[PDB]
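Asker: Have a look at the structure that comes next, please.
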Amino acid sequence: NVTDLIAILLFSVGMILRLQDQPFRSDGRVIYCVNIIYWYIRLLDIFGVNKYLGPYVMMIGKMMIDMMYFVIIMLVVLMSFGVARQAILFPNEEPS
Amino acid sequence: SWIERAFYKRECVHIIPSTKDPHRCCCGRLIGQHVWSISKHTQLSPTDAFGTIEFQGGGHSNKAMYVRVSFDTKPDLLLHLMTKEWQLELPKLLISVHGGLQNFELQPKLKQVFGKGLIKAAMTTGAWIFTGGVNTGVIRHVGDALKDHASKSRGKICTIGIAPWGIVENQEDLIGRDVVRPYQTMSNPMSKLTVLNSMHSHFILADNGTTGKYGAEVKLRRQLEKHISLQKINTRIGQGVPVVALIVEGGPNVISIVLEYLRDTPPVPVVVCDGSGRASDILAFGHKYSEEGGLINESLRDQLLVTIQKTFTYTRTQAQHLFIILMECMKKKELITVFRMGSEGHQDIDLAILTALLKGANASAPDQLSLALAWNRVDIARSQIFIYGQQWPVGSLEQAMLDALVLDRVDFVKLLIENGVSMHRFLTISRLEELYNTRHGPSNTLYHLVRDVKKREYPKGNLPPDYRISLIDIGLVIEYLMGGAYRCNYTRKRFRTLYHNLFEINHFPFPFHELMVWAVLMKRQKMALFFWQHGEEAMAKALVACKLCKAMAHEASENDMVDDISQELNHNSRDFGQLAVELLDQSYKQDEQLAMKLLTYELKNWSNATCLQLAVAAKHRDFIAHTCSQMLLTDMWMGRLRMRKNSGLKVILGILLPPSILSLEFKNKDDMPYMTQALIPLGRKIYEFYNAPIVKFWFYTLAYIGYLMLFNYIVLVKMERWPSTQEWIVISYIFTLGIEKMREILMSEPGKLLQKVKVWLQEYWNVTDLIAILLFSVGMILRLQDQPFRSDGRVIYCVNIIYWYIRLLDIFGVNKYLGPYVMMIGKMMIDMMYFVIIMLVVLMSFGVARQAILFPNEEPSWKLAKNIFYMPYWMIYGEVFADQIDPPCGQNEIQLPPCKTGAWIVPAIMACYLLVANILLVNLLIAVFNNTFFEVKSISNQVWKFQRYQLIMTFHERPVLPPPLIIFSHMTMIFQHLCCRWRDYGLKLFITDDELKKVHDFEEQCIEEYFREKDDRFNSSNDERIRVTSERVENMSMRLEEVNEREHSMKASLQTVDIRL
Amino acid sequence: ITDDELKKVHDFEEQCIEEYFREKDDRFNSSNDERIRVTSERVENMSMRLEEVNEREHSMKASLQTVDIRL
Ligand SMILES: CC(C)CCC[C@@H](C)[C@H]1CC[C@H]2[C@@H]3CC=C4C[C@@H](OC(=O)CCC(=O)O)CC[C@]4(C)[C@H]3CC[C@]12C
Ligand SMILES: CC(C)CCC[C@@H](C)[C@H]1CC[C@H]2[C@@H]3CC=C4C[C@@H](OC(=O)CCC(=O)O)CC[C@]4(C)[C@H]3CC[C@]12C
Ligand SMILES: CC(C)CCC[C@@H](C)[C@H]1CC[C@H]2[C@@H]3CC=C4C[C@@H](OC(=O)CCC(=O)O)CC[C@]4(C)[C@H]3CC[C@]12C
Ligand SMILES: CC(C)CCC[C@@H](C)[C@H]1CC[C@H]2[C@@H]3CC=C4C[C@@H](OC(=O)CCC(=O)O)CC[C@]4(C)[C@H]3CC[C@]12C
Ligand SMILES: CC(C)CCC[C@@H](C)[C@H]1CC[C@H]2[C@@H]3CC=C4C[C@@H](OC(=O)CCC(=O)O)CC[C@]4(C)[C@H]3CC[C@]12C
Ligand SMILES: CC(C)CCC[C@@H](C)[C@H]1CC[C@H]2[C@@H]3CC=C4C[C@@H](OC(=O)CCC(=O)O)CC[C@]4(C)[C@H]3CC[C@]12C
Ligand SMILES: CC(C)CCC[C@@H](C)[C@H]1CC[C@H]2[C@@H]3CC=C4C[C@@H](OC(=O)CCC(=O)O)CC[C@]4(C)[C@H]3CC[C@]12C
Ligand SMILES: CC(C)CCC[C@@H](C)[C@H]1CC[C@H]2[C@@H]3CC=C4C[C@@H](OC(=O)CCC(=O)O)CC[C@]4(C)[C@H]3CC[C@]12C
Ligand SMILES: CC(C)CCC[C@@H](C)[C@H]1CC[C@H]2[C@@H]3CC=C4C[C@@H](OC(=O)CCC(=O)O)CC[C@]4(C)[C@H]3CC[C@]12C
Ligand SMILES: CC(C)CCC[C@@H](C)[C@H]1CC[C@H]2[C@@H]3CC=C4C[C@@H](OC(=O)CCC(=O)O)CC[C@]4(C)[C@H]3CC[C@]12C
Ligand SMILES: CCC1(c2ccccc2)C(=O)NCNC1=O
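Chains as they are written, first to last, in my numbering: chain A, 1 to 96; chain B, 10001 to 11061; chain C, 20001 to 20071.
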């Protein structure tokens, strides 16, 4: 319900931006697409009523914590390789 | 409101005679407390004190109904009150407990034994206990016994106490009309009035008008006991309910009560107890020292006189009068049963009570047997009624057998069968019809089944209430519940001819079969398990009972009945299935070949079926997955071939190179002839080889794998205007296979076409087959036209090639490892579908967001919906489309197109989508597949082992020739059908009579082994041994303590003897 | 619900409470551990009081021997 109200405030911001002229209309459109992402996940919660889909959804929510720890370890290894590759292959770079 | 309008009461309206105390009237109440006709002048009125009593305090809370009644009321009305308003059934036994009104204490062992006896006697026979009501003396001991009863037994012992209304404390507390009135169990010691006993069940509190005086209830209680004893018991053999009179202690009046009981028509037995004292002890001292009843000599006469004058403290003439009343009692010495603590006094209250009832009835042994049947006491019947030398009337034992059967008494049927009654000489058609029309015992759903089959047979409706269910209707019920082509013996023409001509020819050859079916139909599980043990064809009976219980459970669930009935019927079905499995285990352990002969022989008493067919028709997965049934199915699979070494290759060599058949080792002519309906050696070998199920399956498989290549050739190479030779072969294969599938629709098990189609559509691989033959017909019709329809027919041909490769997967289903693998895949499709649903939500969210950001100015077109699903779906399988993740734009490298607004969001939500999909959901489906692998694997193995039978029966019923040449065999069947018109699906054995007797004797040996082994395993378990040791140690400690008391007494006697000498 | 239905519900609840408690007492009394403990305590009490029975049997045998010697 609080994610619902956050995505209604976001829709209000997107509508207020869209009802003006350019370049704010495209910004309102960009907000509309993030809203469509949220409403598909709200459809996942609506699937939560079914006797098999519901436990599946909270099972996914339980494995998010293990996913986060995997993300942390992958983040350390990923920036180590990325910084090493970018720092070797591009020696003369300006701050950007 | 009936209770007030039917019962009356009396209140003290007198002249207030003072006598001794001026406040105390003739009724004893206070002189200002007012508001028989002799000196009390009482008036009659409707009652105002009746309802329910909530006993507050005294430990356990117990609710007791109560009425205040007049002492002169007719006992029939009160009997109607107990039977109707209090909802109490007529008891099988009446107990009248009498004793001293003064409080007394007994020995602890005597009190414990008397309490346990009175509780068990009221519990097993379902008796009524009649006490004095108030919580004094013997009724207080009965109340302590009932307190112990509510501490270790789930009985609601009906213990109606009758007390004077004027003597119970707090008379104003019990005033109401159907009103729950609380009561106090506390008793003031200063008040002469006593409270009621706390844990009685009902109260017949009787008012004569007076208060604080007794005598208002004795005549009413005696008349009510007489009126109950005049009522006939439910056995209807010609006897009323038995009445016993238990006496503990007592005073002067209980001797007169014993005289009234003994000198009565009919006489009432009296059971007394020893060790309490007073009148019971003088009765015991008279009874031991009696000689020939009233023949009592002078010395014990004077001893009885001095003990009466001492213990009761009376004069000489009062003791002489009491001794005269004692001798008048003792003239009827046979009725009085004396219980003695310890010694040889039956060591129990209840053996004394029930033996006293049996010889107080003094009737024939049928009457005693019907009394024991009503009391549900098999043990007393065995130890008294069936003693040695007992004379039995002719035909009475079979009547008792019928009465025991209709009342659902397992142990009485066991006792009667062990005592000479035989089922073959007893069970007739009329007796079985009476058993099928009984109304006693537990409830059943047979009447619903009879109503349904009567509605289906004659579309009437509800049956009349006075409907006698014939055996033909029972046969229709069995035919409906069994299903398929089952035909009960009742509905055959021989039985209908015997029924019309009669309503040892009427006796059943296998009476335990009919008793098993009747016990299963009316849901009497213990009697069904007893009837399973006795008789032949045990495994067939178990499988038939399993299918019948499952079908009755399904019908009870379908008719919206009580769900507990359906659960109990499913439990009965599972118990019978477990019995059949254990019998198969025992038969496999003893002899393998005789177990095969047991499994395959035709059951003439069960519609010519087979034990394997009965197990398959009951979906018994554990029966067919057993090793004996599996290797039996393997023997059915090879046909008339020994072989059994390097399978597959030898029959493929036989099919491809037919001279290899002659070198194959064939089976004997009568080794195991599984048949359906009951140069020359070279032709016999060829016919025996080509009709084997494994040979037919490999011929059909090698034709399938030569059809699939031809289909591949015609779809890969181009086609001209007319089809080539290989396409004509493929078209011929499809048409002959379609004709074969219609022939499987026609030659099915049911009789009406819609049922044939409905049975055929359970095999999903056949309806998918027919769908892909209709699709081929559509594709051929489109292809035989000109362009552009020819390419459409080609496009349909490729979807057909996809289906036929999956049909090859089902053909791999025959192999012992590939088959369970295929159904394992089919089980994981559901988890795959749920993963598809979650992936679909995440996939369209990313696709819609990406397409809506990167393409702002778009017209309505169906390419948007394609672009939603196109690239995010291939993003899962290692193709991220790296050139389109974030192309450079808004710069000059040639002028690039300008940057779309918010186009930087697309790689970020791409990152979140790829992470969630590829890492979360795929690994979660890995975990789902992994943690449900073991159960699915075991279930798939067992289901494949079950479906081996369906595969074997299908490929044995198939034509010999493969589908591209099956039109010759189809014309052969058409010509044979036309010849038979112009002029039994299974594989049985059809053994002879001596082989049948050998098989039956093997089955009885297996049944005895299985049951007894189970008894030996139960008796040798740790739990049963520990329980037996604990019970023996308890009995040993308490009787051993009695040995110690006797050892102390013997040491005292030896010390006195040594002191004397 | 009404008052008669309330009384029926309350009586059903008391029946369920008695069933649950007593069933628990029956399950406790029929367990292997409680049976083994009761058997061991009864056997101990029986051995020690039985040893007292033996001492009294020796005394009674001595008294019977003395009485036989006297007569
Ligand atoms: C288009 C792109 C950006 C993909 C979107 C990815 C995420 C924004 C989504 C994908 C799956 C979603 C998850 C799917 C399942 C659940 C469980 C559900 O939570 C519960 O049911 C509460 C109980 C529990 O957490 O166990 C809702 C949140 C959560 C973590 C969701 C949070 C948002 C997630 C990570
Ligand atoms: C360890 C794992 C589980 C998480 C770490 C990965 C993300 C934090 C990275 C991977 C891809 C990255 C994105 C790749 C490309 C872009 C586009 C970039 O925008 C531009 O460069 C502007 C347009 C242009 O110049 O072409 C802004 C950052 C962003 C969204 C990046 C944000 C950070 C992301 C999502
Ligand atoms: C940029 C590229 C070159 C990637 C770098 C790869 C390796 C140099 C890193 C990646 C993960 C590292 C490992 C992550 C975790 C551990 C456990 C940790 O060891 C302990 O905590 C000691 C106890 C134990 O070994 O169980 C430190 C070493 C080790 C093996 C690390 C050794 C170095 C590894 C293999
Ligand atoms: C332990 C781990 C998580 C540390 C990872 C740190 C880096 C990812 C961060 C920290 C410092 C950052 C730098 C801090 C300062 C700058 C200067 C900045 O220059 C400008 O914005 C241009 C200045 C101007 O012209 O106004 C460009 C990004 C950069 C290189 C940042 C790039 C990203 C860096 C290396
Ligand atoms: C029993 C099972 C395991 C195998 C039985 C199937 C094969 C013996 C069949 C199925 C596909 C057939 C092929 C399908 C198509 C052709 C093309 C055909 O060539 C032509 O029609 C044009 C040239 C010519 O006329 O010879 C020659 C036969 C051949 C190779 C066939 C040879 C026999 C094959 C391999
Ligand atoms: C029963 C089916 C399902 C499997 C049995 C396989 C064989 C009996 C079939 C399969 C492919 C057939 C072949 C497919 C094509 C040809 C080409 C055909 O060539 C011609 O007729 C040449 C002259 C012309 O083009 O008319 C001769 C028969 C032959 C060898 C066929 C012979 C019979 C074969 C080997
Ligand atoms: C060329 C492309 C289109 C690939 C084709 C994909 C599907 C059309 C196929 C691939 C695997 C097939 C499955 C493989 C295994 C089985 C088990 C089998 O079912 C049984 O044996 C019944 C018992 C059970 O379902 O457990 C046949 C259906 C099914 C689900 C199949 C259904 C059709 C599937 C999904
Ligand atoms: C969540 C997962 C498990 C299932 C969702 C994926 C499918 C439903 C999608 C992914 C790829 C899609 C296909 C991608 C491309 C096409 C071609 C398209 O045909 C054309 O565009 C015509 C030819 C042309 O214009 O080039 C028709 C839809 C179809 C089959 C799409 C149908 C829907 C598909 C199978
Ligand atoms: C909860 C989830 C499953 C919802 C997903 C819905 C979308 C995938 C569907 C629903 C509405 C559909 C739209 C409904 C109407 C049109 C107009 C249609 O326009 C035409 O056919 C052209 C009209 C003409 O010229 O005749 C093109 C497809 C499109 C955009 C559809 C594209 C697919 C949409 C967005
Ligand atoms: C619910 C799960 C278990 C199954 C997945 C079902 C849907 C996700 C599939 C099935 C039917 C599919 C549709 C079948 C046909 C089309 C037409 C297709 O149209 C074109 O490609 C037009 C040609 C072009 O302009 O490129 C676009 C995809 C779409 C809507 C498909 C979108 C995805 C759908 C809805
Ligand atoms: C079409 C496949 C097949 C077949 C072949 C081998 C094994 C199982 C099934 C057949 O060729 N004719 C009978 N029924 C069939 O579906």
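Just so it is clear, CB atoms sit at the ideal spot from N, CA and C, and this is done for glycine as well.
If you measure from the CB of residue 10864 of chain B, is any heavy atom of ligand 9 nearer than 7 Å?
Answerer: Within the second sequence, the letter at position 864 stands for residue 10864 of chain B. Result yes, Cβ under 7 Å from ligand 9.
Asker: Mapping the DSSP letters down to three states, classify residue 10697 of chain B as helix, strand or coil.
Answerer: Here the question's residue 10697 of chain B lines up with position 697 in the second sequence. Reduced to three states, the DSSP call for residue 10697 of chain B is helix.
Asker: Pop quiz: residue 10701 of chain B and residue 10811 of chain B are said to be a contact at Cβ under 8 Å. What is the actual Cβ separation, rounded to whole angstroms?
Answerer: As a first step, residue 10701 of chain B is located in the second sequence; it is residue number 701 there, counting from the start. As a first step, residue 10811 of chain B is located in the second sequence; it is residue number 811 there, counting from the start. Confirmed, about 6 Å.
Asker: Below 8 Å between beta carbons: does that hold for residue 10360 of chain B and residue 10465 of chain B?
Answerer: Mapped onto the second sequence, residue 10360 of chain B falls at position 360. Mapped onto the second sequence, residue 10465 of chain B falls at position 465. Cβ distance not < 8 Å, so residue 10360 of chain B and residue 10465 of chain B don't count as in contact.
Asker: For a test of your reading of the model: does the CB of residue 10705 of chain B fall under 7 Å from any non-hydrogen atom of ligand 5? Yes or no.
Answerer: The residue you call residue 10705 of chain B lines up with position 705 of the second sequence. Yes, ligand 5 has a heavy atom inside 7 Å of this Cβ.
Asker: Does DSSP classify residue 24 of chain A as helix, strand or coil?
Answerer: Translated into positions along the first sequence, residue 24 of chain A becomes position 24. Of the three classes helix, strand and coil, the one that applies to residue 24 of chain A here is helix, per DSSP.
Asker: Tell me the DSSP secondary structure of residue 10095 of chain B in three-state form.
Answerer: Here residue 10095 of chain B refers to the residue found at position 95 when the second sequence is read from its first residue. The answer is strand: DSSP assigns residue 10095 of chain B an E or B state.
Asker: Since residue 10901 of chain B meets chain A, which of its residues come closer than 8 Å, beta carbon to beta carbon?
Answerer: The sequence position of residue 10901 of chain B within the second sequence is 901, counting from 1. Ordered by position in chain A, the residues that pass the 8 Å Cβ test against residue 10901 of chain B are 23, 26, 27, 29, 30.
Asker: Touching or not, the segment 10617-10637 of chain B and the segment 10945-10962 of chain B, by the rule of three or more beta carbon pairs under 8 Å?
Answerer: yes
Asker: Tell me which residues share the same chain as residue 34 of chain A and place their Cβ nearer than 8 Å to its Cβ, disregarding the 5 neighbours each side in the sequence.
Answerer: Within the first sequence, residue 34 of chain A is the residue found at index 34, counting from 1. Within the same chain, residue 34 of chain A has close Cβ partners 10.
Asker: Compare the C-beta of residue 20002 of chain C with all C-beta atoms of chain B and state if any pair is closer than 8 Å.
Answerer: Indexing the third sequence from 1 puts residue 20002 of chain C at position 2. By this cut-off, residue 20002 of chain C is not an interface position.
Asker: Using a threshold of 7 Å, is the CB atom of residue 9981 of chain B nearer than that to any non-hydrogen atom of ligand 5?
Answerer: Shown here, chain B extends from 10001 to 11061; a query on residue 9981 of chain B therefore has no answer.
Asker: Would you say the beta carbon of residue 80 of chain A comes nearer than 7 Å to a heavy atom of ligand 3?
Answerer: Translated into the one-based positions of the first sequence, residue 80 of chain A becomes position 80. Checking every heavy atom of ligand 3 against the Cβ of residue 80 of chain A, one is found closer than 7 Å.
Asker: Going by DSSP in three states, residue 20040 of chain C sits in which element: helix, strand or coil?
Answerer: Taking the first residue of the third sequence as position 1, residue 20040 of chain C is located at position 40. Three-state result, residue 20040 of chain C: helix.
Asker: Quick one, which of B:10191, B:10014, B:10307 has its alpha-carbon nearest residue 10031 of chain B's?
Answerer: The residue you call residue 10031 of chain B lines up with position 31 of the second sequence. Looking at the Cα atoms, B:10014 is the closest of the given residues.
Asker: Quick check: the Cα distance between residue 10940 of chain B and residue 10121 of chain B, rounded to an integer number of angstroms?
Answerer: Within the second sequence, numbered from 1, the residue matching residue 10940 of chain B stands at position 940. Within the second sequence, numbered from 1, the residue matching residue 10121 of chain B stands at position 121. Using only the alpha carbons, I get a separation of about 56 Å.
Asker: Using a Cβ-Cβ cutoff of less than 8 Å, which residues in the same chain neighbour residue 10386 of chain B once the five nearest sequence positions on both sides are dropped?
Answerer: For this step, residue 10386 of chain B is matched to residue 386 along the second sequence. Taken in chain order, the residues that qualify are 10415, 10419.
Asker: Which residues in chain B have a C-beta closer than 7 Å to the C-beta of residue 63 of chain A? List them in chain order.
Answerer: Translated into the one-based positions of the first sequence, residue 63 of chain A becomes position 63. Within chain B, the residues near residue 63 of chain A are 10920, 10924.
Asker: Are residue 30 of chain A and residue 10932 of chain B closer than 8 Å when you measure CB to CB?
Answerer: Counted from its first residue, the first sequence places residue 30 of chain A at position 30. Counted from its first residue, the second sequence places residue 10932 of chain B at position 932. Cβ atoms of residue 30 of chain A and residue 10932 of chain B: not closer than 8 Å.
Asker: Taking residue 10945 of chain B as part of the alpha helix (DSSP H), name the residues at either end of that continuous run.
Answerer: Here residue 10945 of chain B refers to the residue found at position 945 of the second sequence. For residue 10945 of chain B, the uninterrupted alpha helix (DSSP H) segment begins and ends at 10933-10957.
Asker: Name the residues in the segment 20031-20047 of chain C whose C-beta lies less than 7 Å from a C-beta of chain B; which are they?
Answerer: 20032, 20035, 20036, 20038, 20039, 20042, 20043, 20046
Asker: Which chain C residues sit within Cβ distance under 8 Å of residue 11051 of chain B?
Answerer: The sequence position of residue 11051 of chain B within the second sequence is 1051, counting from 1. Within chain C, the residues near residue 11051 of chain B are 20056, 20059, 20060, 20063.
Asker: How about residue 20071 of chain C: is its C-beta nearer than 8 Å to some C-beta of chain B?
Answerer: Looking up residue 20071 of chain C in the third sequence gives position 71. So yes, residue 20071 of chain C belongs to the interface.
Asker: Taking 8 Å as the CB-CB cut-off, is residue 56 of chain A touching chain B?
Answerer: Along the first sequence, read from residue 1 onward, the residue named residue 56 of chain A stands at position 56. Yes - at least one Cβ of chain B is within 8 Å of the one on residue 56 of chain A.
Asker: With three or more beta-carbon pairs closer than 8 Å as the criterion, would you say the segment 10919-10934 of chain B touches the segment 49-65 of chain A?
Answerer: yes
Asker: Considering only the beta carbon of each residue, do residue 11097 of chain B and residue 10370 of chain B sit closer than 8 Å?
Answerer: Here chain B has residues from 10001 to 11061 only, and residue 11097 of chain B is not among them.
Asker: Buried or exposed: residue 22 of chain A, going by 16 or more other Cβ atoms within 10 Å of its Cβ?
Answerer: Residue numbering aside, residue 22 of chain A sits at position 22 when the first sequence is read from its first letter. Under this definition residue 22 of chain A is an exposed residue.
Asker: Could you name the residues that DSSP lists as bridge partners for residue 10067 of chain B?
Answerer: Mapped onto the second sequence, residue 10067 of chain B falls at position 67. In the DSSP output, where bridge partners are listed per residue, residue 10067 of chain B has B:10050.
Asker: Spatial neighbours of residue 10665 of chain B within its chain, please: CB distance less than 8 Å, with the 5 preceding and 5 following residues excluded, ordered by chain position.
Answerer: One-based indexing of the second sequence puts residue 10665 of chain B at position 665. Contacts found: 10641, 10642, 10643.
Asker: Hey, is residue 10490 of chain B close to ligand 6, as in C-beta under 7 Å from one of its heavy atoms?
Answerer: Looking up residue 10490 of chain B in the second sequence gives position 490. No - ligand 6 has no heavy atom lying nearer than 7 Å to the Cβ of residue 10490 of chain B.
Asker: Could you check which residue in B:10648, B:10708, B:10019 has the C-alpha nearest to that of residue 10697 of chain B?
Answerer: Indexing the second sequence from 1 puts residue 10697 of chain B at position 697. Here the closest residue by C-alpha is B:10648.
Asker: How far does the alpha helix (DSSP H) with residue 10755 of chain B in it extend, from its first residue to its last?
Answerer: As a working note, residue 10755 of chain B is residue 755 in the second sequence. 10753-10760 is the span of the alpha helix (DSSP H), which, as asked, contains residue 10755 of chain B.
Asker: Just the Cα atoms here: how many angstroms apart are residue 75 of chain A and residue 83 of chain A?
Answerer: In the first sequence, residue 75 of chain A corresponds to position 75, counting from 1. In the first sequence, residue 83 of chain A corresponds to position 83, counting from 1. Rounded to the nearest angstrom, the two C-alpha atoms are 12 Å apart.
Asker: Count Cβ pairs between the segment 10226-10243 of chain B and the segment 10081-10096 of chain B that sit closer than 8 Å; are there 3 or more?
Answerer: Output reads yes: the segment 10081-10096 of chain B touches the segment 10226-10243 of chain B.
Asker: Roughly how many angstroms lie between the CA atoms of residue 20019 of chain C and residue 10175 of chain B, to the nearest whole one?
Answerer: The residue given as residue 20019 of chain C occupies position 19 in the third sequence. The residue given as residue 10175 of chain B occupies position 175 in the second sequence. Using only the alpha carbons, I get a separation of about 32 Å.
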